[PDB]
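**Student:** Contents of start.cif (mmCIF, C-alpha atoms and all ligand atoms):
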```cif
data_entry
loop_
_atom_site.label_atom_id
_atom_site.label_comp_id
_atom_site.auth_asym_id
_atom_site.auth_seq_id
_atom_site.Cartn_x
_atom_site.Cartn_y
_atom_site.Cartn_z
CA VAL A 1 -97.28 38.51 -43.82
CA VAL A 2 -95.90 41.89 -44.83
CA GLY A 3 -94.96 44.28 -41.96
CA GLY A 4 -95.37 41.54 -39.32
CA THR A 5 -93.42 40.82 -36.14
CA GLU A 6 -92.23 37.35 -35.19
CA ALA A 7 -94.97 35.50 -33.23
CA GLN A 8 -94.09 34.03 -29.84
CA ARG A 9 -93.96 30.21 -30.09
CA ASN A 10 -97.06 29.59 -27.99
CA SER A 11 -99.19 32.50 -29.19
CA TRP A 12 -101.29 30.87 -31.95
CA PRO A 13 -101.41 27.17 -31.30
CA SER A 14 -104.21 26.45 -33.77
CA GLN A 15 -102.08 27.69 -36.69
CA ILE A 16 -100.93 24.97 -39.02
CA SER A 17 -98.63 24.76 -42.05
CA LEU A 18 -100.18 23.02 -45.08
CA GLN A 19 -97.39 21.56 -47.19
CA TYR A 20 -97.15 19.63 -50.44
CA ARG A 21 -94.64 17.06 -51.48
CA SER A 22 -91.99 18.53 -53.80
CA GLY A 23 -89.42 15.95 -54.96
CA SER A 24 -87.86 14.38 -51.87
CA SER A 25 -89.00 17.33 -49.76
CA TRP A 26 -92.11 19.20 -48.47
CA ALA A 27 -92.86 22.82 -49.33
CA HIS A 28 -95.09 25.13 -47.34
CA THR A 29 -97.98 26.40 -49.48
CA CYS A 30 -100.77 27.72 -47.15
CA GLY A 31 -101.85 28.13 -43.58
CA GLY A 32 -104.85 26.48 -41.87
CA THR A 33 -106.50 26.32 -38.46
CA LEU A 34 -106.80 23.08 -36.47
CA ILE A 35 -110.48 22.88 -35.59
CA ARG A 36 -110.72 19.28 -34.31
CA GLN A 37 -107.92 16.88 -33.40
CA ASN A 38 -108.42 15.40 -36.87
CA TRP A 39 -109.76 18.32 -38.90
CA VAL A 40 -108.17 21.47 -40.37
CA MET A 41 -109.97 24.45 -41.88
CA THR A 42 -108.15 26.07 -44.80
CA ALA A 43 -108.92 27.89 -48.06
CA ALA A 44 -110.40 25.95 -51.04
CA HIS A 45 -107.89 27.53 -53.38
CA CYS A 46 -105.04 26.04 -51.39
CA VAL A 47 -106.15 22.57 -52.36
CA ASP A 48 -107.20 23.04 -56.04
CA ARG A 49 -103.96 21.34 -57.23
CA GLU A 50 -103.90 17.54 -57.41
CA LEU A 51 -100.93 17.48 -54.96
CA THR A 52 -100.03 15.32 -51.98
CA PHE A 53 -100.59 17.39 -48.83
CA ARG A 54 -99.55 17.05 -45.18
CA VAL A 55 -100.35 19.24 -42.21
CA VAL A 56 -97.75 20.34 -39.65
CA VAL A 57 -99.04 21.33 -36.24
CA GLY A 58 -96.85 22.81 -33.45
CA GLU A 59 -94.73 24.42 -36.14
CA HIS A 60 -92.79 27.71 -35.60
CA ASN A 61 -89.65 27.78 -37.82
CA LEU A 62 -90.21 26.03 -41.19
CA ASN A 63 -86.50 25.46 -41.70
CA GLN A 64 -85.37 24.22 -38.28
CA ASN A 65 -86.38 21.54 -35.76
CA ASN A 66 -88.48 23.20 -33.02
CA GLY A 67 -88.95 20.06 -30.97
CA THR A 68 -92.71 20.56 -30.99
CA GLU A 69 -93.91 19.58 -34.53
CA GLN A 70 -96.38 16.78 -35.41
CA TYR A 71 -96.66 15.76 -39.05
CA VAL A 72 -99.84 14.17 -40.40
CA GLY A 73 -101.14 13.19 -43.84
CA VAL A 74 -104.34 14.57 -45.31
CA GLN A 75 -106.88 11.74 -45.72
CA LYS A 76 -109.91 13.54 -47.24
CA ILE A 77 -110.41 17.01 -48.68
CA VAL A 78 -113.91 18.50 -48.60
CA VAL A 79 -114.10 21.72 -50.56
CA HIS A 80 -117.17 23.92 -50.27
CA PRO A 81 -119.46 22.63 -53.11
CA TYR A 82 -120.00 26.19 -54.38
CA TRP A 83 -116.28 27.06 -54.71
CA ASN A 84 -115.20 27.94 -58.21
CA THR A 85 -111.45 28.24 -58.82
CA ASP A 86 -112.13 30.65 -61.73
CA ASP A 87 -113.90 33.11 -59.41
CA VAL A 88 -112.24 33.78 -55.98
CA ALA A 89 -114.31 36.97 -55.77
CA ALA A 90 -117.50 34.81 -55.64
CA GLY A 91 -116.44 33.54 -52.17
CA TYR A 92 -116.81 30.01 -50.81
CA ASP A 93 -112.99 29.90 -50.43
CA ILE A 94 -113.03 27.34 -47.63
CA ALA A 95 -112.23 23.61 -47.33
CA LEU A 96 -111.96 21.06 -44.52
CA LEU A 97 -109.12 18.47 -44.38
CA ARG A 98 -109.64 15.32 -42.43
CA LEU A 99 -106.25 14.17 -41.05
CA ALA A 100 -105.06 10.59 -41.33
CA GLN A 101 -104.47 10.54 -37.54
CA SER A 102 -105.64 12.68 -34.65
CA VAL A 103 -102.97 15.03 -33.44
CA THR A 104 -102.03 15.40 -29.80
CA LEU A 105 -102.97 18.62 -28.03
CA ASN A 106 -100.51 20.59 -25.86
CA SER A 107 -99.18 24.22 -25.40
CA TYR A 108 -98.23 24.32 -29.11
CA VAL A 109 -101.22 22.52 -30.58
CA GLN A 110 -104.75 23.57 -29.70
CA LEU A 111 -108.13 23.80 -31.38
CA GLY A 112 -108.99 27.22 -32.91
CA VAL A 113 -112.09 28.77 -31.35
CA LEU A 114 -114.72 29.65 -33.99
CA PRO A 115 -117.26 32.45 -33.82
CA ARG A 116 -120.96 31.87 -33.32
CA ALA A 117 -122.85 31.59 -36.66
CA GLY A 118 -123.72 34.92 -38.31
CA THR A 119 -121.44 37.07 -36.10
CA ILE A 120 -120.21 40.24 -37.80
CA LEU A 121 -117.46 42.36 -36.22
CA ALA A 122 -117.82 46.12 -35.85
CA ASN A 123 -115.62 48.25 -38.12
CA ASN A 124 -112.02 48.54 -36.91
CA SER A 125 -112.18 45.50 -34.64
CA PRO A 126 -108.75 44.27 -33.36
CA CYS A 127 -107.43 41.22 -35.17
CA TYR A 128 -104.13 39.59 -36.02
CA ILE A 129 -103.27 37.72 -39.22
CA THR A 130 -100.66 34.98 -38.74
CA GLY A 131 -98.67 32.98 -41.27
CA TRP A 132 -95.43 32.10 -43.01
CA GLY A 133 -96.37 33.82 -46.28
CA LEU A 134 -94.18 36.30 -48.21
CA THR A 135 -92.75 39.09 -46.07
CA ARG A 136 -92.79 41.45 -49.05
CA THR A 137 -94.73 41.65 -52.32
CA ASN A 138 -92.88 39.28 -54.74
CA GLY A 139 -90.58 38.38 -51.78
CA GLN A 140 -89.90 35.14 -49.98
CA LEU A 141 -91.65 33.09 -47.32
CA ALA A 142 -90.95 33.78 -43.65
CA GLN A 143 -88.83 31.24 -41.80
CA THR A 144 -90.58 31.94 -38.49
CA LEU A 145 -94.37 32.41 -37.96
CA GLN A 146 -95.27 36.09 -38.34
CA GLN A 147 -98.19 38.10 -36.99
CA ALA A 148 -99.48 41.52 -38.06
CA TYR A 149 -102.16 43.67 -36.42
CA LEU A 150 -104.93 44.09 -39.01
CA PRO A 151 -108.09 45.85 -37.83
CA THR A 152 -111.30 44.98 -39.69
CA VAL A 153 -112.80 47.14 -42.45
CA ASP A 154 -116.55 46.61 -42.36
CA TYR A 155 -118.51 45.58 -45.44
CA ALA A 156 -119.91 49.03 -46.18
CA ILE A 157 -116.43 50.54 -46.33
CA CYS A 158 -114.72 47.51 -47.84
CA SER A 159 -117.15 47.20 -50.74
CA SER A 160 -117.06 50.97 -51.54
CA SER A 161 -115.49 52.22 -54.80
CA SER A 162 -112.00 53.15 -53.61
CA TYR A 163 -111.66 49.92 -51.62
CA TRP A 164 -112.68 46.58 -53.14
CA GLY A 165 -115.99 47.67 -54.74
CA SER A 166 -118.10 44.71 -55.92
CA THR A 167 -115.26 42.22 -55.52
CA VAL A 168 -115.88 41.84 -51.76
CA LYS A 169 -119.01 39.98 -50.65
CA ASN A 170 -120.76 39.94 -47.27
CA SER A 171 -119.51 36.38 -46.89
CA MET A 172 -116.03 37.88 -46.44
CA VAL A 173 -114.09 39.85 -43.81
CA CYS A 174 -111.63 42.62 -44.88
CA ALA A 175 -108.85 43.67 -42.52
CA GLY A 176 -105.91 46.01 -42.76
CA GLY A 177 -105.43 48.10 -45.93
CA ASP A 178 -102.92 50.54 -44.35
CA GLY A 179 -100.38 50.00 -47.14
CA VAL A 180 -97.82 48.67 -44.70
CA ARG A 181 -99.14 45.38 -43.16
CA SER A 182 -100.99 42.66 -44.95
CA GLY A 183 -101.31 39.01 -45.73
CA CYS A 184 -99.29 37.82 -48.71
CA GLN A 185 -98.83 34.62 -50.78
CA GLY A 186 -98.44 31.64 -48.53
CA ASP A 187 -100.72 33.02 -45.78
CA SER A 188 -103.87 31.93 -47.65
CA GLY A 189 -105.90 29.39 -45.68
CA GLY A 190 -104.60 30.61 -42.33
CA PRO A 191 -106.48 32.35 -39.52
CA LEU A 192 -107.46 35.90 -38.82
CA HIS A 193 -107.71 35.94 -35.02
CA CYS A 194 -110.01 38.58 -33.57
CA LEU A 195 -110.51 39.50 -29.94
CA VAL A 196 -114.16 39.23 -28.88
CA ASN A 197 -115.43 39.20 -25.24
CA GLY A 198 -111.90 38.62 -24.00
CA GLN A 199 -111.17 35.60 -26.18
CA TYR A 200 -109.46 35.35 -29.59
CA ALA A 201 -111.51 33.52 -32.16
CA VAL A 202 -110.80 32.68 -35.80
CA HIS A 203 -113.10 34.99 -37.78
CA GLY A 204 -111.39 34.65 -41.17
CA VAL A 205 -109.64 32.19 -43.48
CA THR A 206 -107.12 34.19 -45.55
CA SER A 207 -108.29 34.28 -49.16
CA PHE A 208 -106.86 37.00 -51.33
CA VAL A 209 -105.07 40.27 -51.81
CA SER A 210 -104.80 42.77 -54.70
CA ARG A 211 -103.20 41.71 -58.00
CA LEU A 212 -101.29 44.98 -57.58
CA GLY A 213 -99.43 43.74 -54.46
CA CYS A 214 -99.86 42.48 -50.92
CA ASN A 215 -99.70 45.72 -48.87
CA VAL A 216 -101.72 48.13 -50.92
CA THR A 217 -103.48 51.14 -49.35
CA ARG A 218 -107.29 50.67 -49.42
CA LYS A 219 -106.90 47.02 -50.53
CA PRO A 220 -107.19 45.27 -47.20
CA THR A 221 -106.51 41.57 -47.08
CA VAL A 222 -109.71 39.59 -47.70
CA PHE A 223 -110.74 36.52 -45.71
CA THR A 224 -113.54 34.05 -45.96
CA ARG A 225 -115.95 34.90 -43.08
CA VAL A 226 -115.89 31.79 -40.86
CA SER A 227 -119.15 32.74 -39.16
CA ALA A 228 -120.92 32.39 -42.53
CA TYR A 229 -119.98 28.71 -42.65
CA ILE A 230 -120.58 27.32 -39.17
CA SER A 231 -123.49 25.11 -40.32
CA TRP A 232 -121.51 23.88 -43.30
CA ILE A 233 -118.48 23.10 -41.13
CA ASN A 234 -120.63 21.23 -38.54
CA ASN A 235 -122.40 19.33 -41.33
CA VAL A 236 -119.17 18.15 -42.98
CA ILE A 237 -117.60 17.04 -39.67
CA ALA A 238 -120.83 15.20 -38.63
CA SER A 239 -121.01 13.32 -41.94
CA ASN A 240 -117.29 12.42 -42.24
CA CA B 301 -89.79 23.56 -37.44
#
```
Mind converting the file's structure to structure tokens?
Ligand SMILES: [Ca+2]
**Tutor:**
Amino acid sequence: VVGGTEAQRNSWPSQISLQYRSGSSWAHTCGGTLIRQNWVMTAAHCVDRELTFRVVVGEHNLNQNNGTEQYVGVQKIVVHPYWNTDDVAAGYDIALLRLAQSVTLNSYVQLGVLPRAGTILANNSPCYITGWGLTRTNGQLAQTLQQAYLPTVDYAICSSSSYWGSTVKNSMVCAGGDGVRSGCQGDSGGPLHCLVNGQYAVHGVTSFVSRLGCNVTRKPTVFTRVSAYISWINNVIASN
């Protein structure tokens, strides 16, 4: 997250760190949202590589013991069947990870609330992106979870010529674009939390940013629209 502020430890308890084994160690690669005690919603592109993954819930500082972490293997990965790694702009950048064990819920580990199917937010709706991704374009990962206020940019504006044009689809949510705050590499897969009827819900799964850089004016961060996938999500959970 570029131009973020450090999140309070108990702010975003559905945020997870998706990590892959790297030698004798584990490296953060993407975010995710805990949606059941044994399921995590993330981006499909986060799990294209044939790597060994684990999920960390209750995480705050990647590099220090917080006293609140639970570590769990990924047992099954279900990518959306229409995802095509060659074509992020086509959409479908979403995957569900079934965890090897159910995690324990507490102040630091909670299920992410999802929107009702089909819900579209009005332009400029209040949302926060959270994650441990790069804090600058071509920078380094955050040590502590970051949040940035990123108001939505509705489809009509987001798919206009000076914004994303044809690259953005109605199956996506755009947010931000102010040239200062943005998602960045390593936030992919994580939540965009939007306030609706008094309650934050996870409306987006971070998907992509401009090839030109993370915080680019009129190139808001782009998220898979969760509310476009509620049936798919329910179907996968029910059959696994
Ligand atoms: Ca930690």
**Student:** For the atom pair CA of residue 95 in chain A and CA of residue 149 in chain A, what is the interatomic distance in Å to one decimal place?
**Tutor:**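 Calculated distance between CA of residue 95 in chain A and CA of residue 149 in chain A is 25.0 Å.
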**Student:** Could the residues that lie within 7 Å of ligand CA 301 (chain B), counting only C-alpha atoms and all ligand atoms, be listed as a list in words?
**Tutor:**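 Those residues are residues 59, 60, 61, 62, 63, 64, 65, 66 and 69 of chain A.
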**Student:** Those selected residues, please, written with C-alpha atoms and delivered as a PDB file, keeping the file's coordinate frame.
**Tutor:**
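To be explicit, this is the file written out as result.pdb:
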```
ATOM      1  CA  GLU A  59     -94.730  24.420 -36.140  1.00  0.00           C
ATOM      2  CA  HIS A  60     -92.790  27.710 -35.600  1.00  0.00           C
ATOM      3  CA  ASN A  61     -89.650  27.780 -37.820  1.00  0.00           C
ATOM      4  CA  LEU A  62     -90.210  26.030 -41.190  1.00  0.00           C
ATOM      5  CA  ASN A  63     -86.500  25.460 -41.700  1.00  0.00           C
ATOM      6  CA  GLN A  64     -85.370  24.220 -38.280  1.00  0.00           C
ATOM      7  CA  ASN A  65     -86.380  21.540 -35.760  1.00  0.00           C
ATOM      8  CA  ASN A  66     -88.480  23.200 -33.020  1.00  0.00           C
ATOM      9  CA  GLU A  69     -93.910  19.580 -34.530  1.00  0.00           C
TER      10      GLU A  69
END
```
**Student:** If we draw a sphere of 8 Å around (-112.2, 51.3, -43.9), which residues have at least one atom in it when counting all atoms listed in the file? Please report them as number ranges by chain.
**Tutor:** A: 123-124, 152-154, 157-158, 163, 177, 218
**Student:** For CA of residue 210 in chain A and CA of residue 121 in chain A, quote the distance in Å rounded to one decimal.
**Tutor:**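 Atom-to-atom, CA of residue 210 in chain A and CA of residue 121 in chain A are spaced 22.4 Å apart.
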**Student:** Which residues are near residue 54 in chain A? Cut-off 12 Å, all atoms listed in the file, ignore same chain within fewer than 4 positions. Put them as an MDAnalysis selection string.
**Tutor:** chainID A and resid 16:22 25:32 40 47 70:77 97:101
**Student:** CA of residue 1 in chain A and CA of residue 34 in chain A are how many Å apart?
**Tutor:**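 Separation of CA of residue 1 in chain A and CA of residue 34 in chain A: 19.6 Å.
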**Student:** Of the residues A:7, A:2, A:35, A:222, which is the one nearest to residue 179 in chain A, using only C-alpha atoms?
**Tutor:**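 Comparing A:7, A:2, A:35, A:222 against residue 179 in chain A, the winner is A:2.
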**Student:** List every protein, DNA or RNA residue with an atom no more than 8 Å from (-108.7, 22.8, -31.5) in the file's coordinates, counting all atoms listed in the file, and format the result as a list in words.
**Tutor:**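 These residues have at least one counted atom within 8 Å: residues 14, 34, 35, 36, 37, 105, 109, 110, 111, 112 and 113 of chain A.
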**Student:** Which residue is closest to residue 188 in chain A? Choose from A:8, A:221, A:170, A:206 and count all atoms listed in the file.
**Tutor:**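 Closest to residue 188 in chain A, using all atoms listed in the file: A:206.
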**Student:** Set the distance at 8 Å and use all atoms listed in the file: which residues neighbour residue 192 in chain A once local chain neighbours fewer than 3 positions away are removed? I'd like the list as an MDAnalysis selection string.
**Tutor:** chainID A and resid 127:130 202:206 223
**Student:** Just to be explicit: take each residue in the selection above, keep C-alpha atoms, and write the result as a tab-separated table (two decimals), in the coordinates of the input.
**Tutor:**
```tsv
chain	number	residue	atom	x	y	z
A	127	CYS	CA	-107.43	41.22	-35.17
A	128	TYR	CA	-104.13	39.59	-36.02
A	129	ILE	CA	-103.27	37.72	-39.22
A	130	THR	CA	-100.66	34.98	-38.74
A	202	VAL	CA	-110.80	32.68	-35.80
A	203	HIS	CA	-113.10	34.99	-37.78
A	204	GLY	CA	-111.39	34.65	-41.17
A	205	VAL	CA	-109.64	32.19	-43.48
A	206	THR	CA	-107.12	34.19	-45.55
A	223	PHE	CA	-110.74	36.52	-45.71
```
